[PDB]
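Here is query04.json, consisting of JSON, C-alpha atoms:
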[["chain", "number", "residue", "atom", "x", "y", "z"],
["A", 1, "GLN", "CA", 99.38, 47.49, 52.71],
["A", 2, "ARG", "CA", 99.22, 43.84, 53.75],
["A", 3, "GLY", "CA", 101.08, 42.84, 50.59],
["A", 4, "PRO", "CA", 100.86, 39.37, 49.04],
["A", 5, "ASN", "CA", 100.80, 37.81, 52.52],
["A", 6, "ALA", "CA", 98.22, 38.27, 55.32],
["A", 7, "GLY", "CA", 95.32, 37.71, 52.92],
["A", 8, "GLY", "CA", 96.11, 40.69, 50.70],
["A", 9, "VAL", "CA", 97.00, 40.78, 47.02],
["A", 10, "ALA", "CA", 100.16, 41.63, 45.12],
["A", 11, "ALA", "CA", 98.76, 43.98, 42.48],
["A", 12, "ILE", "CA", 95.49, 45.64, 41.53],
["A", 13, "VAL", "CA", 94.60, 45.63, 37.83],
["A", 14, "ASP", "CA", 92.29, 48.53, 36.97],
["A", 15, "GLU", "CA", 91.56, 50.91, 34.14],
["A", 16, "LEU", "CA", 93.72, 53.99, 33.75],
["A", 17, "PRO", "CA", 91.17, 56.68, 34.81],
["A", 18, "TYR", "CA", 90.43, 54.74, 37.98],
["A", 19, "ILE", "CA", 94.12, 54.52, 38.82],
["A", 20, "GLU", "CA", 94.86, 58.22, 38.29],
["A", 21, "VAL", "CA", 92.32, 58.86, 41.05],
["A", 22, "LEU", "CA", 93.90, 56.32, 43.41],
["A", 23, "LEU", "CA", 97.41, 57.80, 43.24],
["A", 24, "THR", "CA", 96.20, 61.28, 44.22],
["A", 25, "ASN", "CA", 93.81, 59.94, 46.87],
["A", 26, "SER", "CA", 96.67, 58.04, 48.55],
["A", 27, "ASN", "CA", 100.27, 59.03, 49.24],
["A", 28, "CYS", "CA", 103.21, 58.54, 46.89],
["A", 29, "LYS", "CA", 103.58, 54.82, 47.67],
["A", 30, "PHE", "CA", 102.26, 53.26, 44.47],
["A", 31, "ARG", "CA", 103.18, 53.51, 40.82],
["A", 32, "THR", "CA", 101.91, 51.91, 37.62],
["A", 33, "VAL", "CA", 104.63, 49.35, 36.95],
["A", 34, "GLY", "CA", 103.67, 48.70, 33.32],
["A", 35, "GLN", "CA", 102.03, 50.22, 30.31],
["A", 36, "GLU", "CA", 98.45, 49.63, 29.23],
["A", 37, "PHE", "CA", 98.16, 46.07, 27.94],
["A", 38, "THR", "CA", 94.63, 46.50, 26.52],
["A", 39, "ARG", "CA", 93.94, 50.04, 25.30],
["A", 40, "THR", "CA", 90.28, 50.40, 24.31],
["A", 41, "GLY", "CA", 88.37, 53.34, 25.82],
["A", 42, "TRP", "CA", 84.95, 53.94, 27.32],
["A", 43, "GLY", "CA", 81.58, 54.79, 25.85],
["A", 44, "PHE", "CA", 77.80, 54.91, 26.04],
["A", 45, "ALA", "CA", 75.97, 51.63, 25.53],
["A", 46, "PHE", "CA", 72.88, 52.10, 23.38],
["A", 47, "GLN", "CA", 70.09, 49.83, 22.29],
["A", 48, "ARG", "CA", 71.32, 47.84, 19.31],
["A", 49, "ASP", "CA", 71.02, 49.61, 15.94],
["A", 50, "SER", "CA", 69.35, 52.61, 17.38],
["B", 1, "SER", "CA", 123.13, 49.24, 55.48],
["B", 2, "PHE", "CA", 126.92, 49.35, 55.29],
["B", 3, "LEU", "CA", 127.49, 47.37, 58.51],
["B", 4, "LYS", "CA", 124.42, 45.18, 57.87],
["B", 5, "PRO", "CA", 126.07, 41.87, 56.70],
["B", 6, "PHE", "CA", 127.19, 41.14, 60.26],
["B", 7, "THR", "CA", 125.19, 41.12, 63.47],
["B", 8, "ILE", "CA", 125.75, 44.01, 65.90],
["B", 9, "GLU", "CA", 127.28, 41.45, 68.27],
["B", 10, "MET", "CA", 129.57, 40.25, 65.47],
["B", 11, "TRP", "CA", 131.00, 43.73, 64.86],
["B", 12, "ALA", "CA", 132.02, 43.78, 68.54],
["B", 13, "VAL", "CA", 133.42, 40.23, 68.56],
["B", 14, "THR", "CA", 135.46, 40.84, 65.40],
["B", 15, "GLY", "CA", 136.75, 44.21, 66.57],
["B", 16, "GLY", "CA", 137.21, 42.66, 70.00],
["B", 17, "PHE", "CA", 139.24, 39.68, 68.76],
["B", 18, "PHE", "CA", 141.62, 41.90, 66.86],
["B", 19, "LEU", "CA", 142.73, 43.60, 70.08],
["B", 20, "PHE", "CA", 142.87, 40.43, 72.20],
["B", 21, "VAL", "CA", 144.82, 38.83, 69.37],
["B", 22, "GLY", "CA", 146.62, 42.17, 69.20],
["B", 23, "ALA", "CA", 147.35, 41.82, 72.92],
["B", 24, "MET", "CA", 148.93, 38.45, 72.12],
["B", 25, "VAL", "CA", 151.57, 40.44, 70.22],
["B", 26, "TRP", "CA", 152.55, 42.21, 73.47],
["B", 27, "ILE", "CA", 153.20, 38.82, 75.07],
["B", 28, "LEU", "CA", 155.62, 38.03, 72.24],
["B", 29, "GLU", "CA", 156.93, 41.61, 72.47],
["B", 30, "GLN", "CA", 148.22, 55.92, 73.84],
["B", 31, "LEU", "CA", 151.56, 56.54, 72.12],
["B", 32, "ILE", "CA", 153.11, 53.40, 73.62],
["B", 33, "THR", "CA", 150.21, 51.21, 72.46],
["B", 34, "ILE", "CA", 150.73, 52.37, 68.85],
["B", 35, "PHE", "CA", 154.13, 50.65, 68.80],
["B", 36, "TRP", "CA", 152.47, 47.28, 68.13],
["B", 37, "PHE", "CA", 150.85, 48.59, 64.94],
["B", 38, "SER", "CA", 154.33, 49.33, 63.58],
["B", 39, "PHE", "CA", 155.20, 45.69, 64.32],
["B", 40, "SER", "CA", 152.00, 44.06, 62.99],
["B", 41, "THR", "CA", 152.23, 45.55, 59.49],
["B", 42, "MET", "CA", 153.26, 42.42, 57.56],
["B", 43, "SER", "CA", 159.47, 31.88, 66.20],
["B", 44, "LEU", "CA", 156.14, 31.39, 67.97],
["B", 45, "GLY", "CA", 154.74, 34.85, 67.22],
["B", 46, "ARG", "CA", 154.89, 34.08, 63.51],
["B", 47, "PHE", "CA", 152.60, 31.11, 64.17],
["B", 48, "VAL", "CA", 150.14, 33.54, 65.76],
["B", 49, "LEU", "CA", 150.27, 35.52, 62.51],
["B", 50, "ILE", "CA", 149.57, 32.40, 60.41],
["B", 51, "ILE", "CA", 146.32, 31.55, 62.19],
["B", 52, "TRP", "CA", 145.32, 35.22, 62.38],
["B", 53, "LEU", "CA", 145.85, 35.41, 58.61],
["B", 54, "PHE", "CA", 143.32, 32.66, 57.96],
["B", 55, "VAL", "CA", 140.90, 34.45, 60.28],
["B", 56, "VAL", "CA", 141.04, 37.61, 58.17],
["B", 57, "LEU", "CA", 140.89, 35.42, 55.05],
["B", 58, "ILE", "CA", 137.51, 34.27, 56.37],
["B", 59, "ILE", "CA", 136.08, 37.56, 57.62],
["B", 60, "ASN", "CA", 136.99, 38.86, 54.18],
["B", 61, "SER", "CA", 135.46, 35.76, 52.67],
["B", 62, "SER", "CA", 132.22, 35.90, 54.64],
["B", 63, "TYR", "CA", 131.50, 39.62, 54.63],
["B", 64, "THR", "CA", 131.54, 39.29, 50.86],
["B", 65, "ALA", "CA", 129.18, 36.35, 51.11],
["B", 66, "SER", "CA", 126.73, 38.26, 53.27],
["B", 67, "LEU", "CA", 126.90, 41.43, 51.21],
["B", 68, "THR", "CA", 126.23, 39.40, 48.08],
["B", 69, "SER", "CA", 123.39, 37.50, 49.75],
["B", 70, "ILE", "CA", 121.75, 40.79, 50.64],
["B", 71, "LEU", "CA", 122.34, 42.43, 47.25],
["B", 72, "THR", "CA", 120.82, 39.50, 45.38],
["B", 73, "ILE", "CA", 117.76, 38.81, 47.53],
["B", 74, "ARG", "CA", 117.03, 42.54, 47.45],
["B", 75, "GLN", "CA", 116.95, 42.16, 43.66],
["B", 76, "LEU", "CA", 115.37, 38.69, 43.38],
["B", 77, "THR", "CA", 112.55, 39.37, 45.81],
["B", 78, "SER", "CA", 108.93, 39.05, 44.67],
["C", 1, "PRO", "CA", 67.39, 8.56, 48.03],
["C", 2, "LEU", "CA", 67.79, 11.47, 50.45],
["C", 3, "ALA", "CA", 71.49, 11.55, 49.55],
["C", 4, "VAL", "CA", 70.81, 12.31, 45.89],
["C", 5, "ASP", "CA", 68.84, 15.52, 46.29],
["C", 6, "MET", "CA", 70.74, 16.76, 49.29],
["C", 7, "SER", "CA", 73.69, 16.44, 46.98],
["C", 8, "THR", "CA", 71.85, 18.75, 44.59],
["C", 9, "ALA", "CA", 70.78, 20.90, 47.53],
["C", 10, "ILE", "CA", 74.41, 21.59, 48.50],
["C", 11, "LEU", "CA", 75.44, 22.44, 44.92],
["C", 12, "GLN", "CA", 72.45, 24.76, 44.76],
["C", 13, "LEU", "CA", 73.50, 26.05, 48.17],
["C", 14, "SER", "CA", 77.02, 26.70, 46.87],
["C", 15, "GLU", "CA", 76.32, 28.33, 43.51],
["C", 16, "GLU", "CA", 74.07, 30.79, 45.34],
["C", 17, "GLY", "CA", 76.94, 31.49, 47.74],
["C", 18, "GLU", "CA", 75.52, 30.32, 51.06],
["C", 19, "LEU", "CA", 78.37, 28.03, 52.19],
["C", 20, "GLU", "CA", 80.67, 31.05, 52.43],
["C", 21, "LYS", "CA", 78.12, 33.27, 54.19],
["C", 22, "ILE", "CA", 77.59, 30.67, 56.90],
["C", 23, "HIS", "CA", 81.38, 30.35, 56.95],
["C", 24, "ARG", "CA", 81.53, 34.12, 57.56],
["C", 25, "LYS", "CA", 79.05, 33.69, 60.41],
["C", 26, "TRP", "CA", 81.11, 31.16, 62.39],
["C", 27, "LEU", "CA", 84.64, 30.95, 60.96],
["C", 28, "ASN", "CA", 85.76, 34.52, 60.30],
["C", 29, "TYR", "CA", 89.17, 33.91, 61.90],
["C", 30, "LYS", "CA", 91.97, 35.42, 59.80],
["C", 31, "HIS", "CA", 94.22, 37.02, 62.45],
["C", 32, "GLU", "CA", 97.44, 35.40, 61.21],
["C", 33, "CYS", "CA", 100.75, 37.24, 61.56],
["C", 34, "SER", "CA", 103.08, 36.76, 58.54],
["C", 35, "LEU", "CA", 117.38, 40.17, 56.44],
["C", 36, "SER", "CA", 120.49, 38.00, 56.77],
["C", 37, "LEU", "CA", 123.05, 38.24, 59.55],
["C", 38, "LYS", "CA", 125.87, 36.13, 60.95],
["C", 39, "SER", "CA", 126.74, 34.39, 64.23],
["C", 40, "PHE", "CA", 128.86, 31.34, 65.09],
["C", 41, "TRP", "CA", 131.57, 30.14, 67.49]]
In structure tokens, what does this structure look like?
Amino acid sequence: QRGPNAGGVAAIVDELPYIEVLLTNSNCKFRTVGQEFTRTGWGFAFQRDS
Amino acid sequence: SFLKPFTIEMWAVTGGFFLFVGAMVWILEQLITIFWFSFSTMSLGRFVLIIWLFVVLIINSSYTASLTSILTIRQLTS
Amino acid sequence: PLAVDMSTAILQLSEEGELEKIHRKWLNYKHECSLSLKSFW
């Protein structure tokens, strides 16, 4: 809301399932201006070679 | 956003100094006041029309330059 | 020789993040505010 000035930032870079929460939680004032530039996915982190 | 490229005071000065310049035609010369518009379609009164031409050839040539300079900075913003 | 290890004290005070926290204690002052038209004669 403060934009690039007043100590704020221009853009937030987050993962896609965080951002699809933020659009619904706020009003219709933001939109993902690009596509995904690193498309990997999530997962469970185990002990190595378990 | 249409009338934006001039200040609100400029739209009254420009529309004001077409009637005061239009009243200068009456010195060389509702239904009676429309007779000057039939005379100002296209001596000393011709010299009034020469300077008034280069006024309108500036208010044409600045309203373009402040409708461009809005429609570019609106595009080339951050 | 006090200047050598209070040089290493400040770098160990800064990697931990204590220079900013003291800066938040005193200097937390951020209240800083911030088309085309035409006029001539």
Against chain A, which residues of chain C fall within 12 Å? For each one I want the closest pair of atoms and the distance in Å (one decimal), counting only C-alpha atoms, rows by chain and increasing residue number, as a tab-separated table.
residue	atom	partner	partner_atom	distance
C:29	CA	A:7	CA	11.5
C:30	CA	A:7	CA	8.0
C:31	CA	A:6	CA	8.3
C:32	CA	A:6	CA	6.6
C:33	CA	A:6	CA	6.8
C:34	CA	A:6	CA	6.0
Could you work out which residues of chain C fall inside 9 Å of chain B? Count only C-alpha atoms, and format the result as a PDB file with C-alpha atoms, in the frame of the given file.
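The new file iface03.pdb reads:
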ATOM      1  CA  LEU C  35     117.380  40.170  56.440  1.00  0.00           C
ATOM      2  CA  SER C  36     120.490  38.000  56.770  1.00  0.00           C
ATOM      3  CA  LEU C  37     123.050  38.240  59.550  1.00  0.00           C
ATOM      4  CA  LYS C  38     125.870  36.130  60.950  1.00  0.00           C
ATOM      5  CA  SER C  39     126.740  34.390  64.230  1.00  0.00           C
ATOM      6  CA  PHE C  40     128.860  31.340  65.090  1.00  0.00           C
TER       7      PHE C  40
END
What are the residues of chain A that have an atom within 12 Å of an atom of chain B, counting all atoms listed in the file, as a list in words? residues 3, 4, 5, 10 and 11 of chain A
Keeping only C-alpha atoms, write those residues as a PDB file, keeping the file's coordinate frame.
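The result, written out as again01.pdb:
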ATOM      1  CA  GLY A   3     101.080  42.840  50.590  1.00  0.00           C
ATOM      2  CA  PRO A   4     100.860  39.370  49.040  1.00  0.00           C
ATOM      3  CA  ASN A   5     100.800  37.810  52.520  1.00  0.00           C
ATOM      4  CA  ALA A  10     100.160  41.630  45.120  1.00  0.00           C
ATOM      5  CA  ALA A  11      98.760  43.980  42.480  1.00  0.00           C
TER       6      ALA A  11
END
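Those residues that approach stretch 15-18 of chain A to within 12 Å, counting all atoms listed in the file, are residues 12, 13, 20, 21, 22, 23, 24, 25, 31, 32, 34, 35, 36, 37, 38, 39, 40, 41 and 42 of chain A; same-chain residues fewer than 2 positions away are not listed.
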Taking 4 positions as the minimum chain separation for residues in the same chain, which residues sit within 9 Å of stretch 34-38 of chain B when counting only C-alpha atoms? Answer as a PyMOL selection string. chain B and resi 22-23+25-26+29-30
Listed atoms of stretch 21-33 of chain A, axis-aligned box, 8 Å per side: centre and edge lengths to one decimal in Å, as AutoDock Vina command-line options?
--center_x 98.5 --center_y 55.3 --center_z 43.1 --size_x 28.3 --size_y 27.9 --size_z 28.3
Between atom CA of residue B:52 and atom CA of residue B:64, what is the distance, to one decimal in Å? 18.4 Å
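You will find atom CA of residue C:7 at 13.5 Å from atom CA of residue C:19.
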Find the distance between atom CA of residue A:8 and atom CA of residue C:15 and write it in Å to one decimal.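 It comes out at 24.4 Å.
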